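Worksheet: one structure, shown below.
Coordinate-derived values only; no laboratory data. Ideal geometry is used to build each Cβ from the backbone, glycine not excepted, and the neighbour counts take in all protein chains shown.
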Protein chains: 4
Amino acid sequence: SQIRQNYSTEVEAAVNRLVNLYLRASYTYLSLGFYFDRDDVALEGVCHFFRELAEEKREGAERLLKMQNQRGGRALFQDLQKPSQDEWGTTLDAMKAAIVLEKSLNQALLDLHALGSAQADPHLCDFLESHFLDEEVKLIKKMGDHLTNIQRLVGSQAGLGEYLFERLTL
Amino acid sequence: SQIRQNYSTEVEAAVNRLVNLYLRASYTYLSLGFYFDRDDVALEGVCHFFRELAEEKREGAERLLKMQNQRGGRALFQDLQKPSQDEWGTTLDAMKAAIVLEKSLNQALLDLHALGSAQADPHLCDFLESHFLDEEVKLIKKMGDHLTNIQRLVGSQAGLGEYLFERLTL
Amino acid sequence: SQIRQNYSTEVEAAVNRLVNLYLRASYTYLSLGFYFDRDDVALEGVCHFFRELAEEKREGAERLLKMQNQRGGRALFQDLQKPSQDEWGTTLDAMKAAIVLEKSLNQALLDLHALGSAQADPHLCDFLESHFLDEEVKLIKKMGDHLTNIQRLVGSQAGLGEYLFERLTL
Amino acid sequence: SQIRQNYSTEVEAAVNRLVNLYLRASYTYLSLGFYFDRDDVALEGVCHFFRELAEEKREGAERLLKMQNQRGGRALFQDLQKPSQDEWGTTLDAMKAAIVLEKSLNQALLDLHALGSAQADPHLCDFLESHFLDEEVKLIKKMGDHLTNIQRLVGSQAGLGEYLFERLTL
Ligand SMILES: [Fe+3]
Ligand SMILES: [Fe+3]
Ligand SMILES: [Fe+3]
Ligand SMILES: [Fe+3]
C-alpha cells in the first residue's frame, strides 16, 4: 500500500477482529431489543434502550472500518456468531448480560491500545482514546446505575419494579 | 344495478353481516368506556381507551357501508345485539374481553377475505388488506402488550397496579 | 401466544430465514462499500451506493423482525455467513454481484409469498406486497440500468469509463 | 524561563526543526500551485489544491511556534531551502511528489512523538495527536485516492484524463 506508514500487521489484524466484535455486540443488542418487544414481555422502554445500543455499536464498527482504510490496511470479514441467548429473561438479567458484554469490548479496546502502544503507533492510540475509550466508560457507568436501580425495585415486587423502572427511567 | 360488476351476492351479504359486527363491537366499546367512568370504578385512562375504540370501529363500519355503495350492493340493517355484560370487572377483565372481541372481528375479516378470493374479487381483497387487515393486527398486538403489563402489575398489589397502569400507560 | 392468529409455523420459520438473508445481504453491501473506499480503488460514488444498500437491507430485516412480533411468532437468530468475496474487482463486477444478490432476495420474497398464500395468510401477503415486493423490482431495474451504462463505458477505456460513471451517475 | 516546566532542550530543538520543515513544505506547495497556474500548464483545479496545502502547512508551523512560546522554549529560525524542483511535470508527478512530502512530515511528526514520549512530556504528545497526527493521516489517504484516480485516467488518454480529473474532482 502506497499510503501505509507506521501501520503494523499485528494491529491491522486486531482492528479486523475488533470490527467483528463490535458487529457481534450490535447483533446481540438487536436480539435483546426485539425480545423485549414481545407481547409476552412488552417493555417498550427496555426495547428502545437495546436498539440504540445496537446502532451505536454498529456505527462503532463502521468507524473502525473507515480508520482501517485511512491507514492502508485491508478489512477482512468473518462470520458473525449468533447471540449467546434466544430469550433474555428479565430486565435485571438483560442488564447483567449487557454489562458483561460492554466489559469485554472495553477489554478488547484496552488490549488493542496496549498493542498499538508497544508498536509505537500514536495515531491508533489517539483514535481509540477519543472515539471509543471514553464512550465505553460512560456507558458501563450508566449501565451500572441501571443495575443498582433495578435491583432496588425487583427487591420485593419483581413485576411492579420492572414496570416502574421502564416507565420512570427508560 | 348499473354499476355492479364482479360483485357476488354471497360477498354483499357478508359485508352486511360485517357492518353489523363492527357496529356491535363499537356498541360494546361504548359500554366498556362508560363503565370505567363510574365513580365506583374511576379509571379515566381506561375509559378513554375504550371510547376511542368505539369510534374507530364505528368509522370502520361506515367505511364498509361506503364500499358497499361503491360496488352496487344494497346495505341491509339488522338489530344490534346489546353488549354481553353490564359490568366489566377490572382492567384485566376488560382487556381480556376486548382481545377476544378483536380476535373475532379479525376472524370475520379473514373469512370475508377467503370468500372474496374464492369469488375472484380482487378489489374486495385489496379493500380489506389496506383499511382493515393491518389495523386489526396492530391493535391485537397493542392489546396483548397491555395484558402482559396488567398481569405484571395486578400480581401482588391488584388495586395499586390498576392505578399505575392507568396513570403511566393510558 | 395469546395474540397469535392465522400465523403458521411454516411461515414464521420462513420469516426468520428471510431476516437472516436480509442481514447477510446488508453485511455484503457493507463489505462492497468499504472496498471501494480503498485508496487503491478510490471510487467515492460506488462506495456510497453500496453503503446505502447496506442500510436499506438492514431496515428491511428490522421490519421483518417487527412484523414477526406483531403476529406472535418468535424471532430466532442464526450465524451470519461472511460475504462471498474479500475483494470485489471493478464497478462492473460489483454491480453484477449486487444484481445476483438482489435477484435472490426477490426469489426468497416470492417463495415466502407463495407460502403465505397457500397458507391463506392475507396479511402476510399484504405486508410483503407494500414494503418489499415493489422496492425489490424498482431496485433491480435501477441496477440493470447501471450495468448497461457501465458496460457501455468500460467498452474501450475501462479505467476512464469507471471514473466517468462514478462522477456523472453516482 | 519562569514558565518552563517539563520541557526538554532535545524537544525544543526538534520543534524548531519541525517549524522549519513545515515552512519548507508550505514553500513547496507555493511553487507547485503557481506552476499549474502557468498558461502552458493551465490546470486551475490543481493550482488551488496546492495553494491551500501551502496555507495549511503554514498555519501548521505558526501553531508549532505558538506552542513553543506557551512552553517556554525559544524559537530559532533557519534558512528555508528552496523547493527541490522548478518544474513539476504532470498532475500525476505533482501528486507523487506531494505524497512523498507529506510522508516525510508524518515521519518527522512520529519521531517527535517518540522523542517527547521517551522524555515523558504528555502535553507535547497530546498537542501532536490532536492538531497534527490525524490531519496528516487523512491527507495522505486523500492524496492516495487522487493518485489512484489519476493513474486510472492517464492510462490511455494522458491529456484527456488530466483535464477530466481537474474538472470533475478538483
Ligand atoms: Fe501499528
Ligand atoms: Fe364478489
Ligand atoms: Fe401463516
Ligand atoms: Fe520535553
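Rounded to the nearest Hz, the phi-derived 3J(HN,Hα) couplings of the stretch D:54-64 under the Karplus curve 6.51 cos²θ - 1.76 cosθ + 1.60 (θ = phi - 60°) are 4, 4, 4, 6, 5, 4, x, 6, 4, 5, 4, where x marks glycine and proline. Distance between the pseudo-spin-label points of A:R17 and C:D40 (7 Å out from Cα toward the beta carbon): 2.4 nm. In degrees, nearest 10, range 0 to 90: what is the angle between the Cα axis of helix C:134-154 and the longest Cα principal axis of chain C? Rounded to the nearest ten degrees, it is 20. Close amide H contacts of C:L80 (hydrogens built in the peptide plane, cut-off under 5 Å, sequence separation of 5 or more or a different chain): A:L80, A:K82. Using alpha-carbon positions, what is the distance between the centroids of the stretch D:1-57 and the stretch C:53-108, in Å? Value for the Cα centre distance between the two parts: 48 Å.
Of the GluC sites (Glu not before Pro) found in the stretch B:36-128, those that fall in a DSSP loop while having at most 13 other beta-carbon atoms within 10 Å are B:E87.
Ascending distances from the A:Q85 label point to its copies in the other chains, with the point 7 Å along the Cα-to-beta-carbon line: 3.5, 4.1, 6.4 nm. Pairs of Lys residues in chain B that lie 8 or more places apart, or on two chains, and have C-alpha atoms under 21 angstrom apart add up to 15.
Between the helical axis of A:158-168 and the longest alpha-carbon principal axis of chain A there is an angle of about 60 degrees.
Note on D:134-144: average number of Cβ atoms from other chains within 10 Å of each residue's Cβ is 5. Whole-Hz Karplus values for the stretch A:67-83 come out as 4, 3, 6, 4, 8, x, x, 9, 6, 10, 9, 10, 4, 9, 3, 5, x Hz, taken residue by residue from phi with 6.51 cos²θ - 1.76 cosθ + 1.60 and θ = phi - 60°; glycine and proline positions read x.
Calculated mean residue ellipticity, 222 nm, the protein assembly as shown: -25000 deg cm²/dmol, from DSSP H runs (n ≥ 4) at -39500 (n - 2.57) each, averaged per residue and rounded to 500.
Computed from Cα positions, the angle between helix D:9-36 and the longest principal axis of chain D comes to roughly 20 degrees. Placing a label point 7 Å from the Cα of C:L133 along the Cα-to-Cβ direction, the distances to the matching points in the other copies come to 0.9, 5.5, 5.7 nm, shortest first.
Comment: the Cα-to-Cβ extended label point of B:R74, at 7 Å, lies 5.4, 8.0, 11.3 nm from its counterparts in the other copies, nearest first.
Do any chymotrypsin sites (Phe, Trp or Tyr not before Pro) in the stretch D:25-116 lie in a DSSP loop with no more than 14 other beta carbon atoms within 10 Å, and if so, which? Please list the in-between numbers first.
Details: sites: D:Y27, D:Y29, D:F34, D:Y35, D:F36, D:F49, D:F50, D:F77, D:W88; in loops: D:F77, D:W88.
Answer by residue number: D:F77.
Per residue of peptide A:64-77, the mean number of Cβ atoms on other chains within 10 Å of the residue Cβ is 5.
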